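Asks: The structure that follows is given in the form of structure tokens.
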Amino acid sequence: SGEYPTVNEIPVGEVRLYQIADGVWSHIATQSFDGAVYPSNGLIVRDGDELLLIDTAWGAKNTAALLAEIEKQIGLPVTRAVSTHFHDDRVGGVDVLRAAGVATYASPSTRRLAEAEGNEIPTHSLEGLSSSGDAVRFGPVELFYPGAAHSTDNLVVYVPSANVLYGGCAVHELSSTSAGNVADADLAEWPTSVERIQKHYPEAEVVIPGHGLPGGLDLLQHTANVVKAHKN
Ligand SMILES: C[C@@H](c1cccc2c(-c3ccc(CS(C)(=O)=O)c(F)c3)c(C(=O)O)[nH]c12)n1cc(CCC2(N)CC2)oc1=O
Ligand SMILES: [Zn+2]
Ligand SMILES: [Zn+2]
């Protein structure tokens, strides 16, 4: 009823939207993995009379439910989606999107890693993001490659109209006690990559992590802190 929805508030298979700013929503879904249930976030950005989606809802059924929730709450068509790295919480559901008329995009590195790992593969490659500090425009957002962090391919998304920074899985929520799923992470480079984000987006007003509650710029420093302590 107004607060950001939490893992225990969302059954696996339902999706909720949360209004972040004018023309900006997050999407929240839950999924089971190795016998535990986790929430995960994505983003929706109004693009005139169309919508840009950032990340799937972590699975085919969750992503179908996401499209239904968008039609109920917003009523504009999703025409493009970007996946911010290759894991299933970002690309799982790309096949559902592709069958619902959505053009799916990711960096070449994400596409190669998704294919090698057996995950769903976005159709279109996003060039111009291969060196850390690179940024490109994509409709109403900027895409930014900060360097290796949670994964070597992770991208960040900024909505300049609203000063919303979507960190994806490179950014953790304030309550986090470790660096999440570090299976594909570079703990040594991650603080440097977060510092690049901090330097590039000093006017961010909302920061959204890949999992958990949005907050402000403090999420970036907290992420650096928990990553350094995890490595140690
Ligand atoms: C889907 C994702 C995934 C599945 C299940 C859980 C997660 C988390 C996560 C865990 C704990 C917390 C609480 S916390 C920060 O307080 O610890 C959190 F916020 C996020 C994150 C993340 O951290 O992005 N990803 C998750 N996945 C799966 C793999 C396997 C890769 C591989 N080569 C095959 C071995 O690698 C991933 O990433
Ligand atoms: Zn991941
Ligand atoms: Zn993640």
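Quick note on naming: the chains in the structure tokens go A, B, ... in the order shown, residues restart at 1 in each chain, and ligands are numbered from 1 in order of appearance.
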Kindly provide, as a JSON list (two decimals) with N, CA and C atoms, in the first residue's frame, all nucleotide and amino acid residues lying within 12 Å of ligand 2, counting only C-alpha atoms and all ligand atoms.
Replies:
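Output file selection_18.json follows:
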```json
[["chain", "number", "residue", "atom", "x", "y", "z"],
["A", 40, "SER", "N", 14.00, -9.19, -7.16],
["A", 40, "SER", "CA", 14.88, -8.49, -8.10],
["A", 40, "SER", "C", 14.11, -7.38, -8.78],
["A", 41, "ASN", "N", 14.84, -6.33, -9.14],
["A", 41, "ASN", "CA", 14.31, -5.12, -9.76],
["A", 41, "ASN", "C", 14.66, -5.03, -11.24],
["A", 55, "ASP", "N", 15.84, -4.74, -18.16],
["A", 55, "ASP", "CA", 15.91, -6.05, -17.51],
["A", 55, "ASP", "C", 14.57, -6.78, -17.48],
["A", 58, "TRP", "N", 13.12, -11.92, -14.31],
["A", 58, "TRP", "CA", 13.75, -13.13, -13.78],
["A", 58, "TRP", "C", 12.89, -14.35, -14.08],
["A", 83, "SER", "N", 19.06, -5.51, -21.50],
["A", 83, "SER", "CA", 19.49, -6.32, -20.37],
["A", 83, "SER", "C", 20.86, -5.85, -19.94],
["A", 84, "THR", "N", 21.03, -5.65, -18.64],
["A", 84, "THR", "CA", 22.21, -4.98, -18.10],
["A", 84, "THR", "C", 23.35, -5.93, -17.73],
["A", 85, "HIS", "N", 23.12, -7.25, -17.70],
["A", 85, "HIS", "CA", 24.17, -8.26, -17.74],
["A", 85, "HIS", "C", 23.53, -9.59, -18.07],
["A", 86, "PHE", "N", 24.35, -10.64, -18.08],
["A", 86, "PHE", "CA", 23.95, -11.89, -18.71],
["A", 86, "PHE", "C", 23.23, -12.88, -17.81],
["A", 87, "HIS", "N", 23.05, -12.59, -16.53],
["A", 87, "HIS", "CA", 22.42, -13.55, -15.64],
["A", 87, "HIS", "C", 20.92, -13.62, -15.86],
["A", 88, "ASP", "N", 20.33, -14.70, -15.34],
["A", 88, "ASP", "CA", 18.92, -15.00, -15.57],
["A", 88, "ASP", "C", 17.96, -13.96, -15.00],
["A", 89, "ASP", "N", 18.36, -13.22, -13.96],
["A", 89, "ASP", "CA", 17.54, -12.13, -13.44],
["A", 89, "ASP", "C", 17.51, -10.91, -14.37],
["A", 90, "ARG", "N", 18.32, -10.92, -15.42],
["A", 90, "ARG", "CA", 18.39, -9.84, -16.40],
["A", 90, "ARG", "C", 17.91, -10.26, -17.78],
["A", 91, "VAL", "N", 18.20, -11.50, -18.20],
["A", 91, "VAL", "CA", 17.83, -11.99, -19.53],
["A", 91, "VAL", "C", 16.77, -13.07, -19.50],
["A", 92, "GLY", "N", 16.46, -13.66, -18.35],
["A", 92, "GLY", "CA", 15.47, -14.72, -18.34],
["A", 92, "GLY", "C", 14.11, -14.14, -18.57],
["A", 110, "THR", "N", 27.66, -9.10, -23.02],
["A", 110, "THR", "CA", 26.53, -9.77, -22.41],
["A", 110, "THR", "C", 25.99, -10.87, -23.30],
["A", 113, "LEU", "N", 28.30, -13.90, -23.20],
["A", 113, "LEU", "CA", 28.28, -14.61, -21.92],
["A", 113, "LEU", "C", 26.96, -15.33, -21.73],
["A", 114, "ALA", "N", 25.86, -14.71, -22.14],
["A", 114, "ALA", "CA", 24.56, -15.39, -22.04],
["A", 114, "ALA", "C", 24.55, -16.65, -22.88],
["A", 119, "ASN", "N", 21.89, -19.11, -21.16],
["A", 119, "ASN", "CA", 20.79, -18.22, -20.84],
["A", 119, "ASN", "C", 20.19, -17.67, -22.13],
["A", 148, "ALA", "N", 34.24, -3.72, -14.63],
["A", 148, "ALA", "CA", 33.82, -4.96, -13.99],
["A", 148, "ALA", "C", 33.46, -4.72, -12.53],
["A", 149, "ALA", "N", 32.39, -5.38, -12.09],
["A", 149, "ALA", "CA", 31.91, -5.26, -10.71],
["A", 149, "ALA", "C", 31.22, -6.56, -10.32],
["A", 150, "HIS", "N", 29.89, -6.55, -10.28],
["A", 150, "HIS", "CA", 29.14, -7.78, -10.08],
["A", 150, "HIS", "C", 29.41, -8.79, -11.19],
["A", 151, "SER", "N", 29.60, -8.30, -12.41],
["A", 151, "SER", "CA", 30.00, -9.11, -13.54],
["A", 151, "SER", "C", 30.90, -8.26, -14.43],
["A", 152, "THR", "N", 31.57, -8.89, -15.40],
["A", 152, "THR", "CA", 32.46, -8.11, -16.24],
["A", 152, "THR", "C", 31.69, -7.26, -17.24],
["A", 153, "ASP", "N", 30.41, -7.58, -17.49],
["A", 153, "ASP", "CA", 29.62, -6.94, -18.52],
["A", 153, "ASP", "C", 28.58, -5.96, -17.97],
["A", 154, "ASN", "N", 28.51, -5.76, -16.66],
["A", 154, "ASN", "CA", 27.40, -5.03, -16.09],
["A", 154, "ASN", "C", 27.33, -3.58, -16.59],
["A", 155, "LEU", "N", 26.13, -3.17, -16.97],
["A", 155, "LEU", "CA", 25.84, -1.80, -17.36],
["A", 155, "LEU", "C", 24.98, -1.12, -16.31],
["A", 167, "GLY", "N", 21.39, 1.22, -10.92],
["A", 167, "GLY", "CA", 22.69, 0.59, -10.85],
["A", 167, "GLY", "C", 22.73, -0.84, -11.28],
["A", 168, "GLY", "N", 21.59, -1.49, -11.40],
["A", 168, "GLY", "CA", 21.62, -2.90, -11.64],
["A", 168, "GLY", "C", 22.39, -3.60, -10.52],
["A", 169, "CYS", "N", 22.92, -4.77, -10.86],
["A", 169, "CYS", "CA", 23.49, -5.62, -9.81],
["A", 169, "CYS", "C", 24.88, -5.17, -9.36],
["A", 170, "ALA", "N", 25.46, -4.18, -10.03],
["A", 170, "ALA", "CA", 26.65, -3.52, -9.53],
["A", 170, "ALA", "C", 26.41, -2.69, -8.28],
["A", 171, "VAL", "N", 25.15, -2.44, -7.92],
["A", 171, "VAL", "CA", 24.81, -1.60, -6.77],
["A", 171, "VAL", "C", 23.89, -2.39, -5.87],
["A", 172, "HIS", "N", 24.22, -2.44, -4.60],
["A", 172, "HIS", "CA", 23.44, -3.11, -3.58],
["A", 172, "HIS", "C", 22.65, -2.14, -2.72],
["A", 179, "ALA", "N", 28.20, -9.04, -0.60],
["A", 179, "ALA", "CA", 28.15, -8.59, -1.99],
["A", 179, "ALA", "C", 27.24, -9.45, -2.87],
["A", 180, "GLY", "N", 26.23, -10.10, -2.29],
["A", 180, "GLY", "CA", 25.28, -10.87, -3.10],
["A", 180, "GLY", "C", 25.89, -12.09, -3.74],
["A", 181, "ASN", "N", 25.43, -12.39, -4.94],
["A", 181, "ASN", "CA", 25.95, -13.53, -5.68],
["A", 181, "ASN", "C", 27.19, -13.09, -6.44],
["A", 182, "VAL", "N", 28.36, -13.49, -5.96],
["A", 182, "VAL", "CA", 29.62, -13.04, -6.49],
["A", 182, "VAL", "C", 30.22, -14.04, -7.47],
["A", 183, "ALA", "N", 29.40, -14.97, -7.97],
["A", 183, "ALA", "CA", 29.93, -16.05, -8.79],
["A", 183, "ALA", "C", 30.78, -15.53, -9.94],
["A", 184, "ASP", "N", 30.35, -14.44, -10.58],
["A", 184, "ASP", "CA", 31.02, -13.92, -11.76],
["A", 184, "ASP", "C", 31.61, -12.54, -11.53],
["A", 185, "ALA", "N", 31.81, -12.16, -10.27],
["A", 185, "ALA", "CA", 32.21, -10.81, -9.88],
["A", 185, "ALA", "C", 33.72, -10.65, -9.93],
["A", 186, "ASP", "N", 34.14, -9.38, -9.96],
["A", 186, "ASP", "CA", 35.53, -8.97, -9.80],
["A", 186, "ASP", "C", 35.57, -8.08, -8.55],
["A", 209, "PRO", "N", 19.02, -0.37, -6.81],
["A", 209, "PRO", "CA", 19.91, -1.53, -6.91],
["A", 209, "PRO", "C", 19.25, -2.62, -7.74],
["A", 210, "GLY", "N", 20.06, -3.60, -8.14],
["A", 210, "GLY", "CA", 19.51, -4.73, -8.88],
["A", 210, "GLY", "C", 18.56, -5.58, -8.06],
["A", 211, "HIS", "N", 18.74, -5.59, -6.73],
["A", 211, "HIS", "CA", 17.92, -6.34, -5.79],
["A", 211, "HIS", "C", 17.73, -5.46, -4.56]]
```
Asks: Write down as number ranges by chain the residues belonging to stretch 81-195 of chain A that are assigned helix (DSSP H, G or I) by DSSP computed on the backbone.
Replies: A: 88-91, 94-99, 108-117, 190-195
Asks: Skipping near chain neighbours, those fewer than 3 positions away, what residues fall within 6 Å of residue A:134 using only C-alpha atoms, listed as a count of residues only?
Replies: 4
Asks: Could you give me the residues within stretch 58-172 of chain A that DSSP places in strand (DSSP E or B), as a PyMOL selection string?
Replies: chain A and resi 78-82+103-106+124-125+135-138+141-144+156-159+164-168
Asks: Go through A:118, A:44, A:77, A:173 one by one, measure the shortest atom-to-atom distance of each to residue A:141 using only C-alpha atoms, and give the residue with the smallest value.
Replies: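 Ranked by minimum distance to residue A:141, first place goes to A:44.
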Asks: Which one is closest to ligand 1: A:36, A:208, A:187, A:43? Count only C-alpha atoms and all ligand atoms.
Replies: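 The closest residue to ligand 1 is A:36.
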Asks: I'd like the neighbourhood of residue A:130 as a PyMOL selection string, where a residue qualifies if any of its atoms comes within 10 Å (using only C-alpha atoms), though same-chain residues fewer than 2 positions away should be ignored.
Replies: chain A and resi 107-109+126-128+132-135+144-147+153
Asks: Tell me which of A:34, A:47, A:3, A:14 sits closest to residue A:60, counting only C-alpha atoms.
Replies: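 The shortest atom-to-atom distance to residue A:60 comes from A:14.
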Asks: Which residue out of A:106, A:57, A:227, A:52 has the minimum interatomic distance to ligand 3 when only C-alpha atoms and all ligand atoms are used?
Replies: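 Of the candidates, the smallest distance to ligand 3 is held by A:57.
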Asks: What is the atom 19 (F, counted along the ligand's line) of ligand 1-atom CA of residue A:136 distance in Å, reported with one decimal?
Replies: 27.0 Å
Asks: Find the residues around stretch 66-76 of chain A up to 9 Å (only C-alpha atoms counted), leave out those fewer than 2 positions away in its own chain, and share them as number ranges by chain.
Replies: A: 14-17, 27-29, 44, 46, 49-51, 56-57, 61-64, 78, 97, 100
Asks: Quick one: of A:195, A:218, A:117, A:22, who's nearest to ligand 1, counting only C-alpha atoms and all ligand atoms?
Replies: A:117
